[PDB]
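Lettering follows sequence order; numbering is per chain, from 1.
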Amino acid sequence: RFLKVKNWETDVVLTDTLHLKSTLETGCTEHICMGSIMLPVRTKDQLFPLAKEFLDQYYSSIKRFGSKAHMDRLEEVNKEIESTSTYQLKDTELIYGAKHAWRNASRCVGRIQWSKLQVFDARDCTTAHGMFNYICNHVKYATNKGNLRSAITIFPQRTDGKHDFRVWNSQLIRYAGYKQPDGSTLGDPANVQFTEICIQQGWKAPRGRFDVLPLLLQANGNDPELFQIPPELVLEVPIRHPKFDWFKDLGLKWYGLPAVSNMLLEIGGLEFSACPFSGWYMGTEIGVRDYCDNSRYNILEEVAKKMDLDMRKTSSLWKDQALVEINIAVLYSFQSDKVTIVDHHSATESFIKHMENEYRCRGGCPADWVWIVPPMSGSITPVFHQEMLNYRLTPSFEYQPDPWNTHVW
Amino acid sequence: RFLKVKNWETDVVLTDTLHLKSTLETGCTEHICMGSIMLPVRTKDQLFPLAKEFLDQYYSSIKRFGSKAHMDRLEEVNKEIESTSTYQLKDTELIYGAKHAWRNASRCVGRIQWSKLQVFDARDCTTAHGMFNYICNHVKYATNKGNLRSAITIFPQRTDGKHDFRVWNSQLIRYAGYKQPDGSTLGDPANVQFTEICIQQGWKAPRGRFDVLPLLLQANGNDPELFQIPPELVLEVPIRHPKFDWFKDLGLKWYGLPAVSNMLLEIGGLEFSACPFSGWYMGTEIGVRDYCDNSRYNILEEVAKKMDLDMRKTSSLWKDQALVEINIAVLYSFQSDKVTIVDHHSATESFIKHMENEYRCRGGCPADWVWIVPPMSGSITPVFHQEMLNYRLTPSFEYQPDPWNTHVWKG
Ligand code: HEM
Ligand code: HEM
Ligand SMILES: C[C@H](O)[C@H](O)[C@H]1CNc2nc(N)[nH]c(=O)c2N1
Ligand SMILES: C[C@H](O)[C@H](O)[C@H]1CNc2nc(N)[nH]c(=O)c2N1
Ligand SMILES: NC(=[NH2+])NCCC[C@H](N)C(=O)O
Ligand SMILES: NC(=[NH2+])NCCC[C@H](N)C(=O)O
Ligand SMILES: [Zn+2]
């Protein structure tokens, strides 16, 4: 019932009770753990209980649990549901729900900042142009000339599933990927397909190594449309090393604003299918994953070459030596250009502090170890030595099928 | 109910049916994952069924399932159990059992070598001195002058739980740890408690930074006894860097033979509480964990200074830079002295192949991602991108409480 989690580097022991309020499933069972698996409409009868769950926690959070207001709102929503077969969140609820969905994202290491989320209510939106306007405003607000601010823009909630809003891009800002004759790939391999759907839509690709993709926005169910983000609104950082002058020649750059746009925000049973959100990068995401993953920019060899390291034998750890340098470069560039960014050491230390805060103020903190521990230097960051309990709480952010695999043109 | 795992780097998908034969629990539920949690006498009534499942697996492995030999064996064990409340494994079954416990160890990345395990049967052992002799033989055989050979030594199984054989050391070879009155620790902090017990038992500690601990052996439930492993049998490697001549001046060294000696081996319901086994190191075990964990030798700072790294701010990644060097030094020193060792790229690549093979020939391979993925450069090794399923199969290696916490001292 009352689970305990130990930190093996400090011996600190936290007790978890928050998991008891868990509602969703984990993919795991008593006979099998699926902890490392990436991916393990509602009826009036399904909806009301969810709304109640939320409202009860919402009112409890504002110290008015079982108040007239609580009961009243509870009744009002109840009636609205039985009638409209759905409901609308007050603004106070939308904000609390979005913040808590971030608070509950077990895979996010940057949650110590959860309560500072800026919420942009775009529930009054009705067209791709409208969505494009909202997104440009989000980008400018969050980028803030390099002094990044976390934010989320919430489009109209789902109704019949045939009127859903969706941002086809996986992130507001990403580089294109094209399959060349060589069989190899130009640009970002992860976006090879989307890069094609755009073209399949009319996008004139500059066919470069770092071409900012165009937004493909879908509103009210209609087919999606393209829009190019004002270049002046896309902050970029040219990647250079603080010692290897040749580094600049590698021709590398990345965008400063990471903004996941393909997820689904769930609040009180209501589903928001278009809810792009952004914060700021942890160095390793770019330097380790985007730059060194074999199926991404896969740039380790080149950097190793330029460093003239013995690539004859894996035991010389050239891949490792280079990995470190590349990552030092990213953090150095961003910092040099005063663009917000956090290193994995500082980010992981903050998460540990945040976990302690959450354990003493909330009785727990769902966390997915597999995602929290950085892709490099795992054990020299404190989270590696931190036992974590993963469970699903609502409100939450959930994965959802790529629209192009569901859209009925 | 089939289950598929995908490798997000190669899009290769494998199907697992093996998990269906999993009986033990995981610690997880439909509502919570305890995947990153370190640690989540039998009766006749429960023993025979365990023995049978085991014998059924063994006879199938040798293609004699349902044979007369199979039936007679079941009948014999059955009789032996009702007769004596337990039973003895044949030599063949023991070897098969030991190899499969290794094959089933979800946290071991070296399993591609599972079938080549050398099994030493020490079930006729009756005393601590006898245990010491078996252990010395295991160390010399396994060490093989630097050309390491995997091996396991199996002492008498548990009976009533009051006559257990136990190796009190956590590894056959390990360095002493000493807490100083000024609060600092000399040697390996991981072994301070055990070191105290040794001193209390009579061990005259030299009190240096790399003193090989004495063996503390318990036979037949008796009080444990101390024994010094002949130094000539303990292979050690002085650590030096291929480009930094000052590295040798850190005065670091490590032993060449890693031999976990505190786990419990379960086979067909039988419990082997003293079953020390050994393989060869993966570089990062020493270089990342033993040397750089804040709670182990914790050498990152000192190595950082010597490299004149910008230690003013973490974003300089001076810890990361120094970590790589230390691990390069460990691999280099070992290879130079021709002592078997495997780097994490090589070991993880081998585990991926092993895993794929296992899915194809066995229907799966239980694996603990949290433990399989190396402590440094996680994503540049293929295991990071590999989805894995973790479940418990028997035979298996299990954790057991430290004996000093359960032993009834006799005096
Ligand atoms: C402000 C700084 C932030 C930092 C430093 C941070 C860091 C991270 C990191 C390192 C990951 C893993 C990314 C990956 O491997 O692809 C992650 C995942 C995630 N974060 Fe954040 N985050 C921040 C803000 C946000 C915000 C504002 C939200 C939502 C409102 C959020 C929601 C999540 C979710 C749901 C995931 C998992 C996404 C997935 O499954 O792909 N994060 N974050
Ligand atoms: C031959 C080379 C071998 C290599 C390279 C290898 C590698 C590894 C590594 C790197 C770990 C993680 C250790 C840690 O983090 O403390 C591990 C764990 C494990 N290995 Fe091996 N191994 C080998 C042989 C063996 C043998 C011979 C057995 C059994 C007969 C075995 C059983 C296990 C077990 C049960 C664990 C988990 C131990 C624990 O929970 O503390 N391994 N192995
Ligand atoms: C298969 C495995 O789950 C997968 O590679 C995971 C591992 N940990 C991760 N951790 C983070 N933060 N992000 C990821 O994309 C992944 N990928
Ligand atoms: C808390 C966390 O489970 C713990 O630090 C684990 C993580 N992965 C590990 N992996 C290996 N190989 N060895 C370990 O000791 C650990 N420790
Ligand atoms: N820090 C963040 N908000 N990250 C969001 C995910 C970005 C993704 N990991 C990338 O490197 O492109
Ligand atoms: N490869 C092995 N057999 N390892 C056994 C465990 C050794 C332990 N991790 C150590 O660093 O001492
Ligand atoms: Zn699990």
Side-chain angles (χ1 to χ4, degrees), chain A residues 41 94 98 119-143 151-179 186-208 210-236 255-265 270-278 397-409:
Chain A
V41 61
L94 187 62
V119 187
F120 290 120
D121 184 352
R123 288 181 291 171
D124 65 2
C125 193
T126 77
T127 52
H129 280 87
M131 296 171 72
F132 170 70
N133 186 41
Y134 269 113
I135 287 178
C136 293
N137 290 347
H138 175 139
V139 175
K140 190 174 193 183
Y141 177 85
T143 301
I152 179 174
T153 293
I154 302 174
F155 289 109
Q157 65 197 58
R158 156 174 299 154
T159 44
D160 78 321
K162 292 188 180 182
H163 290 52
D164 300 359
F165 287 69
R166 292 290 304 272
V167 171
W168 286 36
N169 305 68
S170 59
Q171 284 183 45
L172 295 182
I173 302 182
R174 293 198 88 175
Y175 297 127
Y178 329 84
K179 281 180 161 297
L186 170 67
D188 199 308
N191 301 310
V192 156
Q193 170 164 54
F194 188 69
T195 301
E196 309 180 321
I197 293 191
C198 291
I199 307 175
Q200 175 180 178
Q201 284 301 177
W203 186 53
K204 296 190 64 175
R207 279 218 152 56
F210 300 103
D211 306 338
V212 176
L213 281 173
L215 287 156
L216 217 195
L217 309 183
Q218 174 198 318
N220 206 200
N222 316 306
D223 294 18
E225 304 178 50
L226 294 189
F227 302 91
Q228 187 65 54
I229 301 171
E232 57 271 43
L233 296 182
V234 177
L235 170 57
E236 288 181 303
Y255 49 100
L257 187 73
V260 171
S261 53
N262 53 187
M263 289 182 94
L264 185 161
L265 173 59
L270 297 173
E271 311 189 308
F272 300 92
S273 65
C275 59
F277 56 83
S278 63
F397 284 105
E398 301 295 345
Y399 291 115
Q400 80 197 321
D402 286 322
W404 60 88
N405 301 314
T406 308
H407 184 44
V408 285
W409 309 70

Asks: Heavy atoms only: give me the nearest A/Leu233-A/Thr143 pair and the separation to one decimal.
Replies: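 Where A/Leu233 meets A/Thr143 most closely, the heavy atoms are O-OG1, 4.1 Å.
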Asks: Once you round to the nearest 0.5 Å, how far does CG of A/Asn191 lie from CD1 of A/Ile197?
Replies: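 Those atoms lie 11.0 Å apart.
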Asks: What distance do A/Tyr141 atom OH and A/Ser278 atom OG have between them, rounded to the nearest 0.5 Å?
Replies: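 Those atoms lie 10.0 Å apart.
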Asks: Is the closest basic N to carboxylate O distance between A/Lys162 and A/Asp160 below 4.0 Å?
Replies: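 Salt bridge: no.
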Asks: Flag the pair A/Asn220 / A/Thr126 as yes when at least one side-chain heavy-atom distance between them is below 4.5 Å, and no otherwise.
Replies: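 A side-chain contact under 4.5 Å is absent here.
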Asks: Strictly distance-based, threshold 3.5 Å: is any side-chain N or O of A/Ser261 a donor or acceptor partner for the main-chain N or O of A/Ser170?
Replies: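 Between the backbone of A/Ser170 and the side chain of A/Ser261 there is a qualifying donor-acceptor contact (under 3.5 Å).
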Asks: Please tell me if the side chains of A/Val139 and A/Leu257 come closer than 4.5 Å, counting only heavy atoms from C-beta onward.
Replies: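 They are in contact (side-chain heavy atoms under 4.5 Å apart), so the answer is yes.
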Asks: For the atom pair CZ (A/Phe132) and CD (A/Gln228), what is the distance rounded to the nearest 0.5 Å?
Replies: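 Rounded to the nearest 0.5 Å, the CZ-CD separation comes out at 8.5 Å.
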Asks: With a 4.5 Å heavy-atom cut-off, do A/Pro214 and A/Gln201 have their side chains touching?
Replies: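 SC-SC contact between A/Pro214 and A/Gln201 ruled out.
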Asks: For A/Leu226 and A/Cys198, work out which heavy atoms get closest and say how close.
Replies: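 Scanning both residues completely, I find the closest heavy atoms to be CD1-O, 3.9 Å.
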Asks: With a 4.5 Å heavy-atom cut-off, do A/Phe272 and A/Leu94 have their side chains touching?
Replies: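 Sidechains of A/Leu94 and A/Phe272: in contact.
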Asks: Where do A/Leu213 and A/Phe194 land on the side-chain contact (heavy atoms from CB on, under 4.5 Å) test, with the steps shown first?
Replies: CA-CA 9 Å; A/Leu213 281 173; A/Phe194 188 69; 3.5 Å; yes
Asks: Taking atom CG of A/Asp188 and atom CZ of A/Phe210, what is their separation to the nearest 0.5 Å?
Replies: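 CZ of A/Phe210 is found 9.0 Å from CG of A/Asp188.
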Asks: Could you tell me the separation between the NZ atom of A/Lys179 and the CG atom of A/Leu186, rounded to the nearest 0.5 Å?
Replies: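 Going from the NZ atom of A/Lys179 to the CG atom of A/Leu186 covers 12.0 Å.
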Asks: In the structure I gave you, are the side-chain heavy atoms of A/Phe155 and A/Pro276 within less than 4.5 Å of one another anywhere?
Replies: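 SC-SC contact between A/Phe155 and A/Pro276 confirmed.
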Asks: Hey, does the side chain of A/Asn133 reach the backbone of A/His129 with a donor-acceptor pair shorter than 3.5 angstrom?
Replies: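 Judged by distance alone, no pair lies under 3.5 Å.
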Asks: Looking only at non-hydrogen atoms, find the nearest pair between A/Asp121 and A/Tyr134 and report the distance.
Replies: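 Closest heavy-atom pair between A/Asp121 and A/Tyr134: O-OH, 3.7 Å.
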Asks: Before giving the answer on ring-ring contact (aromatic ring centres under 6.0 Å, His included), spell out for A/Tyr175 and A/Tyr255 the whole-Å C-alpha distance, their side-chain angles and the decisive distance to 0.1 Å.
Replies: CA-CA 9 Å; A/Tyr175 297 127; A/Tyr255 49 100; 5.5 Å; yes
Asks: Would you confirm whether A/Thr195, through its side chain, and A/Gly177, through its main-chain N or O, come within 3.5 Å as a donor-acceptor pair?
Replies: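 At least one qualifying donor-acceptor pair exists.
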Asks: For a side chain to side chain contact (heavy atoms under 4.5 Å, CB included) with A/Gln218, tell me which candidate from A/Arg166, A/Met131, A/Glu225 qualifies.
Replies: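 Answer after filtering A/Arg166, A/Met131, A/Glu225: A/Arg166.
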Asks: Over 60° means perpendicular and under 30° means parallel, so tell me whether A/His407 and A/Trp168 are parallel, tilted or perpendicular.
Replies: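 Correct class here is perpendicular.
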Asks: Under 3.5 Å, is there a donor-acceptor pair between the side chain of A/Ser273 and the main chain of A/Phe165?
Replies: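 Yes: the side chain of A/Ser273 pairs with the backbone of A/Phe165.
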Asks: Rounded to the nearest 0.5 Å, how far does CG of A/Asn169 lie from CD1 of A/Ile229?
Replies: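 Atom-to-atom, A/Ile229:CD1 and A/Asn169:CG are 7.0 Å apart.
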Asks: Please name the pair of heavy atoms, one in A/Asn262 and one in A/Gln400, separated by the smallest distance, quoted to 0.1 Å.
Replies: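 Here A/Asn262 and A/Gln400 meet closest at O-NE2, 2.6 Å.
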Asks: Restricting to non-hydrogen atoms, name the atom on A/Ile173 and the atom on A/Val212 that form the minimum distance, rounded to 0.1 Å.
Replies: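 Distance-wise, the nearest heavy atoms are CG2-CG1, 4.3 Å.
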Asks: Please examine the side chains of A/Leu265 and A/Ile152, heavy atoms only from C-beta on, and report whether any two atoms are closer than 4.5 Å.
Replies: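 Yes. Closest side-chain heavy atoms under 4.5 Å.
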Asks: Is A/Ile135 close to A/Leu217 at the side-chain level, that is, under 4.5 Å between some pair of heavy atoms?
Replies: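 Yes, their side chains come closer than 4.5 Å.
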Asks: Can you label the angle between the A/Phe277 ring and the A/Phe397 ring as parallel, tilted or perpendicular, going by 30° and 60°?
Replies: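 Rings of A/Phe277 and A/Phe397: tilted, 30 to 60°.
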Asks: Taking all non-hydrogen atoms of both residues, which atom of A/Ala128 and which atom of A/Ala219 are closest, and how far apart?
Replies: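 So the two residues come closest at N-CB, 3.7 Å.
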Asks: Mind telling me whether A/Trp203 and A/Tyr178 have parallel, tilted or perpendicular rings, with 30° and 60° as the class edges?
Replies: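 Parallel: the ring planes of A/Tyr178 and A/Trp203 meet at under 30°.
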